[PDB]
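Below is one structure; the comments refer to it alone.
There are 4 protein chains.
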Amino acid sequence: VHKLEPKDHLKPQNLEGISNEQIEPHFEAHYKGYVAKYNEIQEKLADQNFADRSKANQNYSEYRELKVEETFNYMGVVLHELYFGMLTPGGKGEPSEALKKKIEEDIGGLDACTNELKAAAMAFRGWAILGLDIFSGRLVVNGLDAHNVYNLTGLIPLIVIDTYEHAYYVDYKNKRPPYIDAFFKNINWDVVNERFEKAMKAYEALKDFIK
Amino acid sequence: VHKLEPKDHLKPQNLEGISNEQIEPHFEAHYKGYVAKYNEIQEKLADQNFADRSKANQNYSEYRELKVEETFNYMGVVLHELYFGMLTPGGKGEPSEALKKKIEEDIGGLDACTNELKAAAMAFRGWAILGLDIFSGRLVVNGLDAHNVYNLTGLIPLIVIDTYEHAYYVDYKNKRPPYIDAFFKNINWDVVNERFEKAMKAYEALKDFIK
Amino acid sequence: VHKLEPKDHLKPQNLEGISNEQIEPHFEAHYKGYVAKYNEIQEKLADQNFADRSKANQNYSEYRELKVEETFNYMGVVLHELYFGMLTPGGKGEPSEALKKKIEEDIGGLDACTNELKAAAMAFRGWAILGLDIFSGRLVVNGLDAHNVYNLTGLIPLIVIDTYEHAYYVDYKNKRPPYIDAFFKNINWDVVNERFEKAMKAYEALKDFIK
Amino acid sequence: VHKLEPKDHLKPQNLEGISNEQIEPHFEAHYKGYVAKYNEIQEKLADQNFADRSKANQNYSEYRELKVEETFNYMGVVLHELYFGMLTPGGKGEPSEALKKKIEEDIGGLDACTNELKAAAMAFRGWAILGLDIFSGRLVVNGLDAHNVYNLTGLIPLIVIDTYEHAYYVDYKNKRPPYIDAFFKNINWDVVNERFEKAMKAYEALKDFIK
Ligand SMILES: [Fe+3]
Ligand SMILES: [Fe+3]
Ligand SMILES: [Fe+3]
Ligand SMILES: [Fe+3]
Numbered sequence: 002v003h004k005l006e007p008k009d010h011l012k013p014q015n016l017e018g019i020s021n022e023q024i025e026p027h028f029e030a031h032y033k034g035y036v037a038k039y040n041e042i043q044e045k046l047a048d049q050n051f052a053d054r055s056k057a058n059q060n061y062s063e064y065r066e067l068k069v070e071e072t073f074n075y076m077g078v079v080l081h082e083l084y085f086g087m088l089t090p091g092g093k094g095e096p097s098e099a100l101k102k103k104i105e106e107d108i109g110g111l112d113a114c115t116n117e118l119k120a121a122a123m124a125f126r127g128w129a130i131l132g133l134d135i136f137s138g139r140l141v142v143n144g145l146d147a148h149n150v151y152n153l154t155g156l157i158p159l160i161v162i163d164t165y166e167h168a169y170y171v172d173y174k175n176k177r178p179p180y181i182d183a184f185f186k187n188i189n190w191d192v193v194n195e196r197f198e199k200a201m202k203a204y205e206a207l208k209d210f211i212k
Numbered sequence: 002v003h004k005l006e007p008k009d010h011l012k013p014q015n016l017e018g019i020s021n022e023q024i025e026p027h028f029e030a031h032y033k034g035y036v037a038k039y040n041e042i043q044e045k046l047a048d049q050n051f052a053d054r055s056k057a058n059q060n061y062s063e064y065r066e067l068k069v070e071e072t073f074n075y076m077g078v079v080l081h082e083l084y085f086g087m088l089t090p091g092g093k094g095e096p097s098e099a100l101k102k103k104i105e106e107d108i109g110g111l112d113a114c115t116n117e118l119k120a121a122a123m124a125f126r127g128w129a130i131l132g133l134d135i136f137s138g139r140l141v142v143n144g145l146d147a148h149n150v151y152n153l154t155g156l157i158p159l160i161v162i163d164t165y166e167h168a169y170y171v172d173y174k175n176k177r178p179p180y181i182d183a184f185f186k187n188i189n190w191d192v193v194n195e196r197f198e199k200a201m202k203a204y205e206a207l208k209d210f211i212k
Numbered sequence: 002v003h004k005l006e007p008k009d010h011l012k013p014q015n016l017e018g019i020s021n022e023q024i025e026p027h028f029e030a031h032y033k034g035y036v037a038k039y040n041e042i043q044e045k046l047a048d049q050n051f052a053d054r055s056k057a058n059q060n061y062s063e064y065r066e067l068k069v070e071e072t073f074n075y076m077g078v079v080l081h082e083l084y085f086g087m088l089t090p091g092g093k094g095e096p097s098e099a100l101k102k103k104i105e106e107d108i109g110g111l112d113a114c115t116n117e118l119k120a121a122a123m124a125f126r127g128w129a130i131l132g133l134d135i136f137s138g139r140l141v142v143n144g145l146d147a148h149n150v151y152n153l154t155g156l157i158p159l160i161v162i163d164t165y166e167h168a169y170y171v172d173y174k175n176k177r178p179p180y181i182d183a184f185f186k187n188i189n190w191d192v193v194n195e196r197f198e199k200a201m202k203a204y205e206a207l208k209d210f211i212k
Numbered sequence: 002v003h004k005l006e007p008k009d010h011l012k013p014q015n016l017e018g019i020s021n022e023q024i025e026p027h028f029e030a031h032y033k034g035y036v037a038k039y040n041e042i043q044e045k046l047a048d049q050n051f052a053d054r055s056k057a058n059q060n061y062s063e064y065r066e067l068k069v070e071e072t073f074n075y076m077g078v079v080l081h082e083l084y085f086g087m088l089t090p091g092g093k094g095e096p097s098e099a100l101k102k103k104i105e106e107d108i109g110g111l112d113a114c115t116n117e118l119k120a121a122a123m124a125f126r127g128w129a130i131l132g133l134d135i136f137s138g139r140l141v142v143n144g145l146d147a148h149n150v151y152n153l154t155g156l157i158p159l160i161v162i163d164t165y166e167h168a169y170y171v172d173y174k175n176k177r178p179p180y181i182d183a184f185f186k187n188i189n190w191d192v193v194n195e196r197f198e199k200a201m202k203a204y205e206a207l208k209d210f211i212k
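Protein chains in written order, with the entry's author numbering: chain A, 2 to 212; chain B, 2 to 212; chain C, 2 to 212; chain D, 2 to 212.
Written out as structure tokens, the structure is:
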């Protein structure tokens, strides 16, 4: 089966506003837990007798349940890697001119975009994502209620904010706003800018996908 | 606001196993209904007073509800366009050698892939999708329980099967299997092959997205 | 295990506005399908080795998936039995004075209640229910997006309307409004009135549940 | 409109294994937040122009969104009141003989029931409930992934365990098992026994609900 292993090199440390105490369980327990479960699902999915494809049924079937949780755990892995990977103590770099221009024409400006992201982060129960919609070529804010609920198909993630309670409860308890501000203070723009460059290059090959 | 309009040129006709009687309400009522509602949401989202961003709240807020249904309706539009757009009476072309090779190494073969797709179509309440996962560069089968439930972020769709009851109830009533077979008989491989080419070119710019 | 068997005596026939052609697959395929799957889940849940309780995990575990679908299928059974059981050709009886009075004080009147029910039936993707909320002792309209999504705990169902597409697609295709009107024409008020009497008697023992 | 107010007298203090620091935000912020939002929804639902019933639509409509979140917030209120209301420092009383006998015949014994509850609490993302199913007259364990997801219609709650992360993150961080044990140490059996008595009396009026 196609198994995954955690990327320890992605673990943030000494962030401004987000303690190591908060990072520890988030990275070591939650993130790694999704990796472990995804692997279990892969093993069971590989067993044609356990996940019998001929018994596939929408009311209940081993195959169905495995596929349902596969999206939950895989997204749990991916989203966390995108989240931790873009955090550096005190932040780094700045959004590129190309990124600023796109945000300006699609969202209205950096000010409008930040407000939009904070709003989505406050309105959603799982994640708030700023990404490129490959179907329209526009930057969009996608809010998720869970790792696998409300995700837009095809979206290339640029900025990912975890709004699950475990992401901020150690430091801020019920107070989400100060956590969102802290997240913005530690954004590694070198990472985001690179993601954008790749996203745009990819979009050039994907334009007019639906004709 | 960014409004959409239906793509009438995508409407299939005289399909083998899928009647015009079945296609009519699916295209004219359902598909166009998602376009209309998406547009309404865009207008309301543009009104900063109605969708007050400062009032964003996860328990309930006008902003939240609009963003939630935005994903439902937008995916409803996109998925339907990908669905209708790949159907031609009696089918057309054949899967490219490049596509067959990728399926072979990622899924195990055309036989394994067809079985996998039919299984997902039988196991899921909304859609069954074969697409390219930009995070691993592998073809994967993604089942959805609704337009916006269980979608994998970043997935580039190649083959999309609608499993909503309105998609086959006119012709087959509760019988989904014969509908799935009929779908396979009308696949326009020229469309799918092109999608694959673009998907692979896009992946080349996206490889090593997470480092 | 605690198994169930379909209640064939509940099958409606010769309804006004709802054909036998529509009733057939709904009762014989869908309803009975939920009974069959619920039974399978019960058998697997009884096997302590398959549904290992010590391995219970929220990301994925055999125990979890079985419990998730148990609610889907059991509600599928119960809701359908309440639905079919209250339909008689051309309708029967009338709402009791006691029922009318409660509706009047809780909802505002029969006119307001009918409008409320039709609205919920049009707004929800699964079911529209008029029932007694045991926590407040008030009649409330509860809309569900699926058999097990948005259900209010403790609610005693009086009137249940199926809004799943399979419930009306044979007769009305995408047109839900005429189906809702037809449903109201075949309501067996003797059944509903009895449900109400029992619900109220039950509420008398349940009042002040939360102190 | 029918508004609600928090029940301050339900706030637990000096629990064994669950600190006041943990209780504070749970009761003062989360619980009271659901009460506030439910009230807002009631006001907006009362405005026939805002929540226009004639515009009821399942893709999106003000009426729909309000009804969706109404279940989220109302259940948030009710479930929390049942949760806090059954907690006393060090626990109190013991399960009645009547309760023990029912558990014995329906579940298999106190030992089996405790194991079942802990399993459901570990397998579900929102709540784990032991209640009386009015349709079968049997005690059942109902797991929920959220306040309004997977709830069984008609269920009369006896024991309610909150598994949301905010319920235990202050004291145990990611460690849910020790929290579940602590919950069992503070159960006020006088409350549970009374709930059971009322539930059984109610069931006597509800037996043979579906005929
Ligand atoms: Fe997280
Ligand atoms: Fe469709
Ligand atoms: Fe149905
Ligand atoms: Fe809680």
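C-beta: ideal position from N, C-alpha, C; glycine also.
Contact under 7 angstroms by Cβ, residue i with residue j
| i | j | result |
| --- | --- | --- |
| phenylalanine 184 of chain A | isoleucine 157 of chain A | no |
| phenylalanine 51 of chain C | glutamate 63 of chain C | yes |
| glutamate 70 of chain A | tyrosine 61 of chain C | yes |
| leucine 118 of chain A | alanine 129 of chain A | yes |
| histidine 148 of chain B | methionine 87 of chain B | no |
| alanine 30 of chain C | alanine 206 of chain D | no |
| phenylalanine 85 of chain D | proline 13 of chain D | yes |
| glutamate 166 of chain C | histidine 167 of chain B | yes |
| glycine 18 of chain B | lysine 176 of chain B | no |
| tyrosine 35 of chain D | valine 78 of chain D | yes |
| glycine 127 of chain A | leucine 145 of chain A | yes |
| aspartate 191 of chain A | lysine 93 of chain A | yes |
Ligand 3 heavy atom lying under 6 angstroms from the CB of residue i
| i | result |
| --- | --- |
| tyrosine 165 of chain C | yes |
Proximity test, residue i beta-carbon vs ligand 1 heavy atom, cut-off 6 angstroms
| i | result |
| --- | --- |
| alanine 122 of chain A | no |
| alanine 168 of chain A | yes |
Neighbour-count burial assignment, residue i, 16 or more Cβ in a 10 Å radius
| i | result |
| --- | --- |
| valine 171 of chain A | buried |
| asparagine 143 of chain A | buried |
| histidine 27 of chain D | buried |
| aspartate 134 of chain D | buried |
| residue 214 of chain A | Residue 214 of chain A cannot be examined here, being either before or after the span of chain A that is shown, 2 to 212. |
| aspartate 48 of chain A | exposed |
| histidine 3 of chain B | exposed |
| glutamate 41 of chain A | buried |
| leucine 111 of chain B | exposed |
| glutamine 23 of chain A | buried |
| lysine 174 of chain A | buried |
| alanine 99 of chain D | exposed |
| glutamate 44 of chain D | exposed |
| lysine 212 of chain D | exposed |
| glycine 91 of chain C | exposed |
Beta-ladder partner(s) of residue i, from DSSP
| i | result |
| --- | --- |
| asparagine 189 of chain B | B/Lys93 |
| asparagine 143 of chain D | D/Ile130 |
| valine 150 of chain B | A/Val150 and B/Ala147 |
| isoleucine 157 of chain A | A/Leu133 |
| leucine 88 of chain A | A/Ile188 |
| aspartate 163 of chain C | C/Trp128 |
Residue i CB to nearest heavy atom of ligand 2 below 6 angstroms
| i | result |
| --- | --- |
| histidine 31 of chain B | yes |
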